[PDB]
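Participant: I am sharing protein19.txt, which consists of compact mmCIF, C-alpha atoms and all ligand atoms:
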# COMPACT_ATOMS: atom_id res chain seq x y z
CA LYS A 3996 0.00 0.00 0.00
CA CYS A 3997 0.97 3.67 -0.33
CA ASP A 3998 -0.55 7.07 0.54
CA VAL A 3999 -2.21 9.06 -2.19
CA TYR A 4000 -3.25 12.70 -2.07
CA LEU A 4001 -5.56 14.34 -4.60
CA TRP A 4002 -6.80 17.91 -5.03
CA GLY A 4003 -8.36 20.34 -7.49
CA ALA A 4004 -11.64 19.90 -9.41
CA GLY A 4005 -13.68 16.83 -8.44
CA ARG A 4006 -17.19 17.44 -9.81
CA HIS A 4007 -17.08 14.38 -12.13
CA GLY A 4008 -15.83 12.09 -9.35
CA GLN A 4009 -12.20 12.15 -10.52
CA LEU A 4010 -10.97 12.52 -6.90
CA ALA A 4011 -13.34 9.77 -5.63
CA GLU A 4012 -13.79 10.10 -1.83
CA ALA A 4013 -11.29 12.97 -1.51
CA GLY A 4014 -14.14 15.33 -2.49
CA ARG A 4015 -15.76 17.54 -5.12
CA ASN A 4016 -13.81 20.81 -4.83
CA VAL A 4017 -10.52 20.38 -3.05
CA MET A 4018 -8.06 23.26 -2.41
CA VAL A 4019 -5.53 21.36 -0.29
CA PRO A 4020 -4.10 17.88 -0.79
CA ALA A 4021 -6.59 15.34 0.57
CA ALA A 4022 -6.01 11.70 1.44
CA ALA A 4023 -7.56 9.10 -0.91
CA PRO A 4024 -7.55 5.73 0.95
CA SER A 4025 -9.28 3.93 -1.98
CA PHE A 4026 -6.24 4.69 -4.15
CA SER A 4027 -3.84 2.92 -1.73
CA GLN A 4028 -2.93 0.06 -4.13
CA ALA A 4029 -1.64 2.57 -6.76
CA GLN A 4030 1.91 2.26 -8.05
CA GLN A 4031 1.04 5.12 -10.46
CA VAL A 4032 -1.74 7.71 -10.61
CA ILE A 4033 -2.41 9.61 -13.84
CA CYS A 4034 -4.56 12.73 -13.85
CA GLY A 4035 -6.26 13.66 -17.10
CA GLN A 4036 -9.19 15.63 -18.42
CA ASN A 4037 -11.54 15.51 -15.41
CA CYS A 4038 -10.53 11.85 -15.01
CA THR A 4039 -7.98 9.81 -13.11
CA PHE A 4040 -6.30 6.44 -13.80
CA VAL A 4041 -4.37 4.11 -11.49
CA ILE A 4042 -1.86 1.43 -12.44
CA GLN A 4043 -1.39 -1.28 -9.77
CA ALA A 4044 1.97 -3.04 -9.34
CA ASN A 4045 0.47 -6.13 -11.05
CA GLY A 4046 -0.41 -4.21 -14.27
CA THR A 4047 -4.15 -3.76 -13.64
CA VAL A 4048 -5.52 -0.36 -14.55
CA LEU A 4049 -8.53 1.39 -12.91
CA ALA A 4050 -10.31 4.65 -13.79
CA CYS A 4051 -12.76 7.21 -12.41
CA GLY A 4052 -14.10 10.61 -13.25
CA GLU A 4053 -15.66 11.98 -16.43
CA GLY A 4054 -16.57 9.30 -18.95
CA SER A 4055 -17.47 11.49 -21.94
CA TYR A 4056 -16.45 10.07 -25.35
CA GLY A 4057 -15.33 6.72 -23.89
CA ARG A 4058 -12.73 8.38 -21.68
CA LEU A 4059 -12.51 5.71 -19.03
CA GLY A 4060 -12.21 2.76 -21.44
CA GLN A 4061 -15.20 0.92 -19.92
CA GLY A 4062 -17.01 0.34 -23.21
CA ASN A 4063 -19.49 3.12 -22.44
CA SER A 4064 -19.37 6.85 -21.61
CA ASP A 4065 -20.63 6.79 -18.01
CA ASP A 4066 -19.10 9.06 -15.34
CA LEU A 4067 -17.66 7.01 -12.44
CA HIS A 4068 -17.19 8.14 -8.83
CA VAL A 4069 -15.16 5.12 -7.69
CA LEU A 4070 -12.07 3.51 -9.20
CA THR A 4071 -13.23 0.82 -11.61
CA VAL A 4072 -11.09 -1.80 -13.34
CA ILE A 4073 -10.64 -1.37 -17.10
CA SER A 4074 -11.65 -4.96 -17.95
CA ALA A 4075 -10.54 -4.54 -21.58
CA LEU A 4076 -6.87 -4.43 -20.47
CA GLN A 4077 -7.20 -7.45 -18.20
CA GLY A 4078 -4.72 -10.06 -19.41
CA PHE A 4079 -2.05 -7.49 -20.23
CA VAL A 4080 0.43 -6.01 -17.75
CA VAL A 4081 0.29 -2.24 -18.24
CA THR A 4082 3.54 -0.45 -17.39
CA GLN A 4083 2.75 3.14 -18.43
CA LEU A 4084 -0.29 5.26 -19.21
CA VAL A 4085 -0.75 8.74 -20.63
CA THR A 4086 -3.87 10.79 -21.15
CA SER A 4087 -4.66 14.21 -22.64
CA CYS A 4088 -5.34 17.32 -20.52
CA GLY A 4089 -7.83 18.93 -22.90
CA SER A 4090 -10.16 18.84 -25.87
CA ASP A 4091 -12.41 15.76 -25.79
CA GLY A 4092 -9.93 13.41 -24.21
CA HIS A 4093 -7.93 10.39 -25.19
CA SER A 4094 -5.51 7.93 -23.63
CA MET A 4095 -2.72 5.48 -24.43
CA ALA A 4096 -1.48 2.52 -22.36
CA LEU A 4097 1.76 0.61 -22.83
CA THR A 4098 2.22 -3.08 -22.08
CA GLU A 4099 5.28 -5.05 -20.93
CA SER A 4100 5.80 -6.27 -24.48
CA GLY A 4101 5.95 -2.67 -25.89
CA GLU A 4102 2.42 -2.64 -27.34
CA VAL A 4103 0.22 0.46 -27.27
CA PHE A 4104 -3.53 0.52 -26.65
CA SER A 4105 -5.54 3.68 -27.26
CA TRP A 4106 -9.08 4.84 -26.41
CA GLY A 4107 -11.34 7.85 -26.07
CA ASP A 4108 -12.36 10.46 -28.62
CA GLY A 4109 -11.40 9.54 -32.18
CA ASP A 4110 -11.42 12.94 -33.87
CA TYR A 4111 -8.48 13.81 -36.12
CA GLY A 4112 -7.10 10.26 -36.12
CA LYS A 4113 -5.33 10.78 -32.81
CA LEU A 4114 -6.02 7.16 -31.68
CA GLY A 4115 -3.99 5.78 -34.63
CA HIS A 4116 -6.43 3.10 -35.93
CA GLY A 4117 -6.75 4.50 -39.48
CA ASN A 4118 -10.15 6.05 -38.85
CA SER A 4119 -11.66 8.76 -36.63
CA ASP A 4120 -14.10 6.52 -34.70
CA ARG A 4121 -14.55 6.76 -30.95
CA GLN A 4122 -13.07 3.80 -29.04
CA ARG A 4123 -14.90 3.22 -25.78
CA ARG A 4124 -12.47 0.45 -24.86
CA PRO A 4125 -8.65 0.22 -25.21
CA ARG A 4126 -7.72 -1.02 -28.66
CA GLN A 4127 -4.22 -2.05 -29.79
CA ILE A 4128 -2.65 0.30 -32.35
CA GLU A 4129 -1.98 -2.45 -34.92
CA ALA A 4130 0.24 -0.25 -37.10
CA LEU A 4131 2.84 -0.28 -34.25
CA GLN A 4132 2.93 -4.10 -34.22
CA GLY A 4133 6.59 -5.19 -33.96
CA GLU A 4134 7.66 -1.78 -32.63
CA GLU A 4135 8.76 -1.82 -29.03
CA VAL A 4136 7.32 1.41 -27.68
CA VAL A 4137 8.99 2.71 -24.53
CA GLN A 4138 7.50 6.20 -24.02
CA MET A 4139 4.32 8.03 -25.11
CA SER A 4140 2.51 11.38 -24.91
CA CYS A 4141 -1.05 12.57 -25.50
CA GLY A 4142 -1.56 16.13 -26.71
CA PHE A 4143 -5.00 17.76 -26.91
CA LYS A 4144 -5.59 16.56 -30.46
CA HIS A 4145 -2.49 14.53 -31.35
CA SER A 4146 -0.38 11.75 -29.96
CA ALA A 4147 3.22 10.51 -30.16
CA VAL A 4148 5.29 7.45 -29.28
CA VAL A 4149 9.00 6.71 -28.96
CA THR A 4150 10.49 3.27 -29.70
CA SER A 4151 13.33 1.39 -27.94
CA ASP A 4152 15.55 1.91 -30.98
CA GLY A 4153 15.02 5.68 -30.87
CA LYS A 4154 12.41 6.45 -33.53
CA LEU A 4155 9.56 8.94 -33.05
CA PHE A 4156 6.06 8.50 -34.51
CA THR A 4157 3.26 11.07 -34.53
CA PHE A 4158 -0.42 11.09 -35.46
CA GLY A 4159 -3.67 13.04 -35.07
CA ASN A 4160 -4.37 16.66 -35.95
CA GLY A 4161 -1.77 18.23 -38.22
CA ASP A 4162 -2.66 21.92 -37.81
CA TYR A 4163 0.27 24.33 -37.31
CA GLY A 4164 2.95 21.65 -37.87
CA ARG A 4165 2.52 19.77 -34.58
CA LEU A 4166 3.28 16.30 -36.00
CA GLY A 4167 6.72 17.44 -37.25
CA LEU A 4168 6.22 15.95 -40.73
CA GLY A 4169 6.88 19.16 -42.74
CA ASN A 4170 3.22 19.81 -43.64
CA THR A 4171 -0.12 20.31 -41.80
CA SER A 4172 -2.22 17.29 -42.84
CA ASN A 4173 -4.04 15.12 -40.26
CA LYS A 4174 -2.69 11.57 -39.88
CA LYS A 4175 -4.93 8.67 -38.77
CA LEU A 4176 -2.01 6.20 -38.67
CA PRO A 4177 1.33 6.68 -36.83
CA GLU A 4178 3.91 8.43 -39.06
CA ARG A 4179 7.69 8.37 -38.58
CA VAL A 4180 9.20 11.80 -37.99
CA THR A 4181 11.83 11.31 -40.73
CA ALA A 4182 13.57 14.57 -39.90
CA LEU A 4183 14.84 12.92 -36.69
CA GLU A 4184 15.65 9.53 -38.17
CA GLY A 4185 19.41 10.23 -38.03
CA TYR A 4186 19.17 10.65 -34.23
CA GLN A 4187 18.11 8.44 -31.27
CA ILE A 4188 14.98 9.93 -29.72
CA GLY A 4189 14.48 9.12 -26.03
CA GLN A 4190 11.28 11.06 -25.20
CA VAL A 4191 8.44 13.17 -26.51
CA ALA A 4192 5.93 15.56 -24.93
CA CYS A 4193 2.81 16.96 -26.54
CA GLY A 4194 0.76 20.08 -25.63
CA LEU A 4195 -2.36 21.86 -26.88
CA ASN A 4196 -0.61 22.26 -30.24
CA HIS A 4197 3.16 21.85 -30.01
CA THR A 4198 5.52 18.99 -29.35
CA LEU A 4199 8.98 18.64 -27.86
CA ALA A 4200 11.42 15.74 -28.27
CA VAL A 4201 14.65 14.89 -26.44
CA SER A 4202 17.54 12.71 -27.74
CA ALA A 4203 18.27 9.50 -25.83
CA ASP A 4204 21.55 10.85 -24.42
CA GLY A 4205 19.84 14.04 -23.14
CA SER A 4206 22.15 16.21 -25.27
CA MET A 4207 19.62 17.56 -27.80
CA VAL A 4208 16.05 18.92 -27.71
CA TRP A 4209 13.77 19.78 -30.62
CA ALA A 4210 10.44 21.70 -30.85
CA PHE A 4211 7.74 21.93 -33.51
CA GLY A 4212 4.13 22.98 -33.79
CA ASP A 4213 2.39 26.25 -33.11
CA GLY A 4214 4.71 29.06 -31.97
CA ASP A 4215 2.41 31.25 -29.84
CA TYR A 4216 3.85 32.86 -26.79
CA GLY A 4217 7.37 31.67 -27.76
CA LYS A 4218 6.61 28.19 -26.38
CA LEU A 4219 8.92 26.59 -28.98
CA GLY A 4220 11.81 28.37 -27.29
CA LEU A 4221 13.37 29.48 -30.60
CA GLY A 4222 13.20 33.22 -29.83
CA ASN A 4223 10.04 34.18 -31.73
CA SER A 4224 6.39 33.11 -32.07
CA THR A 4225 6.47 31.43 -35.51
CA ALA A 4226 4.97 27.94 -36.02
CA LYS A 4227 7.36 25.23 -37.31
CA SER A 4228 6.31 22.12 -39.21
CA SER A 4229 9.73 20.41 -38.89
CA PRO A 4230 11.69 19.80 -35.67
CA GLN A 4231 13.99 22.68 -34.76
CA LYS A 4232 16.85 22.41 -32.28
CA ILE A 4233 16.42 24.44 -29.10
CA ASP A 4234 20.01 25.65 -28.84
CA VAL A 4235 19.82 26.80 -25.20
CA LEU A 4236 18.85 23.22 -24.20
CA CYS A 4237 21.48 21.40 -26.27
CA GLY A 4238 24.59 20.19 -24.44
CA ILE A 4239 23.31 20.85 -20.93
CA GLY A 4240 22.02 17.29 -20.20
CA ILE A 4241 18.19 17.12 -20.29
CA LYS A 4242 16.35 14.48 -18.20
CA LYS A 4243 12.76 15.33 -19.11
CA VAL A 4244 10.52 17.74 -20.99
CA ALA A 4245 6.80 18.52 -20.65
CA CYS A 4246 4.22 20.72 -22.40
CA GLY A 4247 1.15 22.67 -21.34
CA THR A 4248 -1.32 24.75 -23.29
CA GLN A 4249 1.02 27.68 -24.01
CA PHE A 4250 4.35 26.79 -22.40
CA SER A 4251 7.13 24.29 -22.08
CA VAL A 4252 9.18 22.91 -19.21
CA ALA A 4253 12.56 21.09 -19.26
CA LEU A 4254 14.28 19.38 -16.35
CA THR A 4255 18.08 18.93 -16.40
CA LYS A 4256 19.83 15.88 -15.00
CA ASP A 4257 21.37 18.12 -12.32
CA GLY A 4258 17.90 19.14 -11.10
CA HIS A 4259 17.34 22.57 -12.65
CA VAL A 4260 14.13 23.65 -14.37
CA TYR A 4261 13.89 25.78 -17.53
CA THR A 4262 10.62 27.25 -18.80
CA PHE A 4263 9.44 29.18 -21.85
CA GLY A 4264 6.14 30.34 -23.32
CA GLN A 4265 3.32 32.39 -21.84
CA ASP A 4266 4.53 34.62 -18.98
CA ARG A 4267 1.77 33.86 -16.47
CA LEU A 4268 2.44 30.06 -16.69
CA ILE A 4269 6.29 29.82 -16.76
CA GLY A 4270 7.06 30.52 -13.07
CA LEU A 4271 9.54 33.35 -13.56
CA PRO A 4272 9.79 36.73 -11.92
CA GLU A 4273 8.20 39.43 -14.05
CA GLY A 4274 11.46 41.02 -15.20
CA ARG A 4275 12.53 37.72 -16.79
CA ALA A 4276 9.35 37.70 -19.08
CA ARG A 4277 11.41 39.74 -21.54
CA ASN A 4278 12.87 36.48 -22.90
CA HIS A 4279 9.76 34.30 -22.39
CA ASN A 4280 10.42 33.00 -25.90
CA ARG A 4281 13.70 31.31 -25.00
CA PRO A 4282 14.36 28.78 -22.23
CA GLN A 4283 15.27 30.33 -18.84
CA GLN A 4284 16.19 28.76 -15.55
CA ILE A 4285 13.67 29.26 -12.72
CA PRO A 4286 15.41 31.44 -10.07
CA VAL A 4287 13.31 30.54 -7.02
CA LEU A 4288 14.20 26.85 -7.43
CA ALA A 4289 17.97 27.46 -7.80
CA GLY A 4290 18.72 26.04 -4.30
CA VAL A 4291 16.47 23.00 -4.86
CA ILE A 4292 17.23 19.69 -6.61
CA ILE A 4293 14.13 18.87 -8.66
CA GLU A 4294 13.67 15.15 -9.35
CA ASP A 4295 10.52 15.41 -11.52
CA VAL A 4296 8.01 17.83 -12.98
CA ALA A 4297 4.40 17.26 -13.93
CA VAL A 4298 2.52 19.60 -16.22
CA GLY A 4299 -1.27 19.86 -16.47
CA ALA A 4300 -3.15 22.20 -18.78
CA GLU A 4301 -2.10 25.46 -17.15
CA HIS A 4302 -0.26 24.46 -14.01
CA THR A 4303 3.01 22.85 -13.06
CA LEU A 4304 4.11 20.77 -10.12
CA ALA A 4305 7.75 20.12 -9.17
CA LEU A 4306 9.08 17.45 -6.78
CA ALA A 4307 12.34 18.04 -4.87
CA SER A 4308 14.83 15.34 -3.93
CA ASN A 4309 13.74 15.76 -0.29
CA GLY A 4310 10.07 15.03 -1.20
CA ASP A 4311 8.82 18.64 -1.12
CA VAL A 4312 6.35 19.66 -3.81
CA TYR A 4313 6.18 23.08 -5.51
CA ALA A 4314 3.31 24.45 -7.56
CA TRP A 4315 2.60 27.39 -9.82
CA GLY A 4316 0.33 28.62 -12.58
CA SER A 4317 -3.48 28.58 -12.90
CA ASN A 4318 -5.50 27.70 -9.85
CA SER A 4319 -9.22 28.49 -10.37
CA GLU A 4320 -10.15 24.95 -9.30
CA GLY A 4321 -7.55 24.74 -6.52
CA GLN A 4322 -5.21 22.62 -8.66
CA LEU A 4323 -2.11 24.14 -6.97
CA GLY A 4324 -3.16 22.68 -3.60
CA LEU A 4325 -2.28 25.86 -1.74
CA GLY A 4326 -5.62 26.51 0.00
CA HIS A 4327 -7.01 29.22 -2.32
CA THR A 4328 -8.04 29.69 -5.98
CA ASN A 4329 -5.78 32.63 -6.86
CA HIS A 4330 -3.25 32.53 -9.72
CA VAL A 4331 0.35 31.95 -8.56
CA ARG A 4332 3.23 33.28 -10.63
CA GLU A 4333 6.25 31.62 -9.01
CA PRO A 4334 6.87 28.10 -7.62
CA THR A 4335 5.28 27.93 -4.18
CA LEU A 4336 5.65 25.28 -1.51
CA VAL A 4337 2.66 22.97 -1.05
CA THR A 4338 2.69 22.89 2.77
CA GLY A 4339 -0.11 20.25 2.94
CA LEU A 4340 2.39 17.68 1.61
CA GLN A 4341 5.20 18.49 4.09
CA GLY A 4342 6.24 15.36 5.95
CA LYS A 4343 4.22 13.09 3.65
CA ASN A 4344 7.26 11.48 1.95
CA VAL A 4345 5.88 12.08 -1.55
CA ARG A 4346 7.81 10.23 -4.27
CA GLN A 4347 5.68 10.84 -7.38
CA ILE A 4348 3.42 13.57 -8.85
CA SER A 4349 0.85 13.99 -11.67
CA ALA A 4350 -1.07 16.97 -13.09
CA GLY A 4351 -4.25 16.96 -15.15
CA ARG A 4352 -6.51 19.54 -16.74
CA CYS A 4353 -7.48 21.00 -13.37
CA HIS A 4354 -6.71 18.44 -10.69
CA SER A 4355 -3.48 16.97 -9.29
CA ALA A 4356 -2.06 14.06 -7.35
CA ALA A 4357 1.00 13.14 -5.30
CA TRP A 4358 1.74 9.77 -3.74
CA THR A 4359 4.33 7.73 -1.84
CA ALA A 4360 4.91 4.66 -4.05
CL CL B 4401 1.46 -8.11 -21.30
CL CL B 4402 9.98 2.88 -39.43
CL CL B 4403 24.58 16.91 -22.78
MG MG B 4404 0.09 30.53 -33.78
Take the structure in this file and express it as structure tokens.
Facilitator:
Amino acid sequence: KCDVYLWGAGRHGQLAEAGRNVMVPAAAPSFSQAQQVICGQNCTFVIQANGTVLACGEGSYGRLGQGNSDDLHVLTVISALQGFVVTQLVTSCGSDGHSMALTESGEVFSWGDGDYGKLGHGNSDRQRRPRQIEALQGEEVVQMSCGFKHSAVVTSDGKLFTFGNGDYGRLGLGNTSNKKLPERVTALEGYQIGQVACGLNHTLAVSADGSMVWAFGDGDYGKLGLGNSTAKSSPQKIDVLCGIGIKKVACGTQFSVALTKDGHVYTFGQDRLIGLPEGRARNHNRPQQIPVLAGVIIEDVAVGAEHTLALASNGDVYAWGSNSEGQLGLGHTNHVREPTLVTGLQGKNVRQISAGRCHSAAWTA
């Protein structure tokens, strides 16, 4: 067992017994068998240590993978993945919602809203239960991301595939067509891609050795980190992030986050969401280190739609950004510009975090 804390919006039952509108982290005893918790678009998934997946919250457009679209207020097993050991799960933080789960054998199952081909089945049909993406048969997928209207997967041999809505270049294929089947990002074929993150309408990718980062998609608010606000349909190196050793990247609606291996956080994009003091908004269109976290070793970051959580090596959790539903966990619903300590998690020995559209989670597994 572990301890799980949930907070933010809970009106569709996505926080189960923790409540309906929660401004401070609240214990969720029913989640105690979680090894992972994944917060999405008004929904929450759990992966148990044995590979079983459960879901609760908003069920619109098959979100919960139950074979129907019912809202659920208690964690409920996704029977359609029974038989498979699920190791990872990702879900979108906006639009009409979709999800991808990864098995032990490197196979990817997708479900939810089918618009734009983002599920990868060669059509745009809703899938109310998890369905294997057959086109990835024989690929060993190791990492995945769900954007608002597109998706992406990374393979063990370092290839990157994208699919879904093509508007503004977000698939990185050099045009803006929608793709209903996974497409190799040929521009990156000469490199080994280790991870991908997808936002409202841009995408970031990191090389396997952490030495290189690329951006593509819509350019608003300088969220591509290339020093302007122009959309790019092919991957473009983010020079500031190359050579510094990147552990992880993540994307929100109008901003990007990068974590270095030595525990520093860089942000870029819309000023209100990037956690910097106001003077530093000058260069919001290039990556900048977050000053208030300089004396903190950050082990992980989790990005929702418009908020960010950061976990320090001592277990402390920091939050900043939008907060109208209490998703920061700070006891109010006011916007917070810079990373702020979540005091409700002090002494809780948090080891993992997750951020959804407008709810959050932290737990001790
Ligand atoms: Cl399996
Ligand atoms: Cl290929
Ligand atoms: Cl490096
Ligand atoms: Mg634009």
Participant: How would you report the residues lying within 8 Å of ligand MG 4404 (chain B), as an MDAnalysis selection string, if you count all atoms listed in the file?
Facilitator: chainID A and resid 4163 4213:4215 4224:4226
Participant: Return as a list in words the residues of protein, DNA or RNA that approach ligand CL 4403 (chain B) to within 8 Å, with all atoms listed in the file taken into account.
Facilitator: residues 4204, 4205, 4206, 4207, 4237, 4238, 4239, 4240 and 4241 of chain A
Participant: Please compute the CA of residue 4231 in chain A-CA of residue 4117 in chain A distance, one decimal, in Å.
Facilitator: 28.0 Å
Participant: Report, in Å to a single decimal, how far apart CA of residue 4245 in chain A and CA of residue 4079 in chain A are.
Facilitator: 27.5 Å
Participant: Identify which of the residues A:4177, A:4062, A:4089, A:4153 lies closest to residue 4121 in chain A, counting only C-alpha atoms when measuring atom-to-atom distances.
Facilitator: A:4062
Participant: What lies within 6 Å of residue 4180 in chain A using only C-alpha atoms, ignoring chain neighbours under 2 positions off, as a ChimeraX atom specification?
Facilitator: /A:4155-4156,4168,4182-4183
Participant: Please build the interface table for chain A against ligand CL 4402 (chain B) with a cut-off of 12 Å, listing for each qualifying residue the nearest atom pair and the distance in Å to one decimal; count only C-alpha atoms and all ligand atoms, order rows by chain and increasing number, and write it as CSV.
Facilitator:
residue,atom,partner,partner_atom,distance
A:4130,CA,B:CL4402,CL,10.5
A:4131,CA,B:CL4402,CL,9.4
A:4132,CA,B:CL4402,CL,11.2
A:4133,CA,B:CL4402,CL,10.3
A:4134,CA,B:CL4402,CL,8.6
A:4135,CA,B:CL4402,CL,11.5
A:4149,CA,B:CL4402,CL,11.2
A:4150,CA,B:CL4402,CL,9.8
A:4152,CA,B:CL4402,CL,10.2
A:4153,CA,B:CL4402,CL,10.3
A:4154,CA,B:CL4402,CL,7.3
A:4155,CA,B:CL4402,CL,8.8
A:4156,CA,B:CL4402,CL,8.4
A:4157,CA,B:CL4402,CL,11.7
A:4177,CA,B:CL4402,CL,9.8
A:4178,CA,B:CL4402,CL,8.2
A:4179,CA,B:CL4402,CL,6.0
A:4180,CA,B:CL4402,CL,9.1
A:4181,CA,B:CL4402,CL,8.7
A:4183,CA,B:CL4402,CL,11.5
A:4184,CA,B:CL4402,CL,8.8
Participant: Which residue is closest to ligand CL 4401 (chain B)? Choose from A:4127, A:4287, A:4332, A:4097 and count all atoms listed in the file.
Facilitator: A:4097
Participant: List all protein, DNA and RNA residues that have at least one atom no more than 8 Å from any atom of ligand CL 4401 (chain B), counting only C-alpha atoms and all ligand atoms, and write them as a VMD selection string.
Facilitator: chain A and resid 4078 to 4081 4098 to 4100
Participant: Smallest atom-to-atom distance to residue 4261 in chain A: which of A:4323, A:4188, A:4289, A:4041, using only C-alpha atoms?
Facilitator: A:4289
Participant: So, with only C-alpha atoms as the atoms that count, which of A:4088, A:4268, A:4013, A:4340 lies closest to residue 4299 in chain A?
Facilitator: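 Looking at the shortest contact to residue 4299 in chain A, the residue is A:4088.
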Participant: So how far away is CA of residue 4036 in chain A from CA of residue 4118 in chain A, in Å?
Facilitator: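 If I compute the distance from CA of residue 4118 in chain A to CA of residue 4036 in chain A, I get 22.6 Å.
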Participant: Looking at A:4166, A:4201, A:4042, A:4312, which one is nearest to residue 4355 in chain A, with distances taken over only C-alpha atoms?
Facilitator: A:4312
